[PDB]
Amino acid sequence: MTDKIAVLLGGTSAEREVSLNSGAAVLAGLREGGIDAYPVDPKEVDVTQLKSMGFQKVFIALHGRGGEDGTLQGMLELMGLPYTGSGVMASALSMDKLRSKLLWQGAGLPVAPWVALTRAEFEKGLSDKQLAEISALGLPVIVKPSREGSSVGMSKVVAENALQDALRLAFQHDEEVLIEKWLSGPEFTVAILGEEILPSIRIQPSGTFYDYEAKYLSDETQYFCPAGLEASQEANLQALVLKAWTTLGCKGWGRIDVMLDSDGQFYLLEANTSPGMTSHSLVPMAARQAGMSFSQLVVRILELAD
């Protein structure tokens, strides 16, 4: 009441349906929690008059460019309205798998070997000497859109001959793409809440990689929380997650995907400043384990709104 909360759902990313699913759930969650929440789809309502509508706070239940980079946040900040996660810089940093990577590697964080390509270097004919780059990475390699979420445009390329196409795709989603070494080890994600870190979740997709279908439309996907990892490696995780996180400048709430390599080490894949909150999403899982309910999480997330 008075404190009319706005849950920004959908928008126009490639993640819009997931977004809409998050919003619907956070909307419920905030309402069970006793907050006057509102479905504000930026794909209709001009989020600029958000100030004019009487909202006192905003819940970013949006995923991707338009909603997860520093764009909206910049607005909100100038409007004078608090929002739920990572500031302007940590939102723009996180959304760039390419820049998030150089900063992490910059600070000596365990980042996977990559090779960036732009679309312009792409429609030219990458040096038959730029493959020297890419093939010194090994086989396979996973090619991905720089600024995407929910495993969009990603394509595993086993063999140099399967790359050109892996790239056409990734490229239909961005002009800067990262080609990286395939990590042969379990897949992990850690969730941050305030300055706390929820129990670790080990994902086990029944496919090749935690693809789009695996993340949302699949029941084969196995979820282990915590990781059932030894208290050594477990300590190494949080440690690394928080490092890679403060290095980014992120706050309030977020989630980091890491995976193991044949080397025994942890490799930061990427970071998320507006994580999913669907009936399949990871944050929600991390929290229930930490004995919280969906309205406690979503509500605690708002308590952090700045």
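The first residue of the sequence shown is number 1, and the count goes up from there.
Between the stretches 45-53 and 264-272, it is 45-53 that shows the larger average CA temperature factor. When the mean C-alpha temperature factors of 232-240 and 103-111 are read from the deposited coordinates, 232-240 comes out higher. You'll see in the entry that, of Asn21, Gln289, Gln296, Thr12, the Cα B factor peaks at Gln289.
Within the selection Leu137, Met75, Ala191, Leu93, the deposited Cα B-factor values reach their highest point at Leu137. Ranked by Cα temperature factor within the chain, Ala120 sits in the highest third according to the deposited record. In this PDB entry, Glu220 carries a Cα temperature factor that places it within the highest third of its chain's modelled residues. For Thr71, the recorded CA B-factor ranks within the middle third of the chain. Only modelled residues enter the ranking. In the deposited entry, the Cα temperature factor of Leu8 places it in the middle third of its chain's modelled residues. Ranked by Cα temperature factor within the chain, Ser184 sits in the middle third according to the deposited record.
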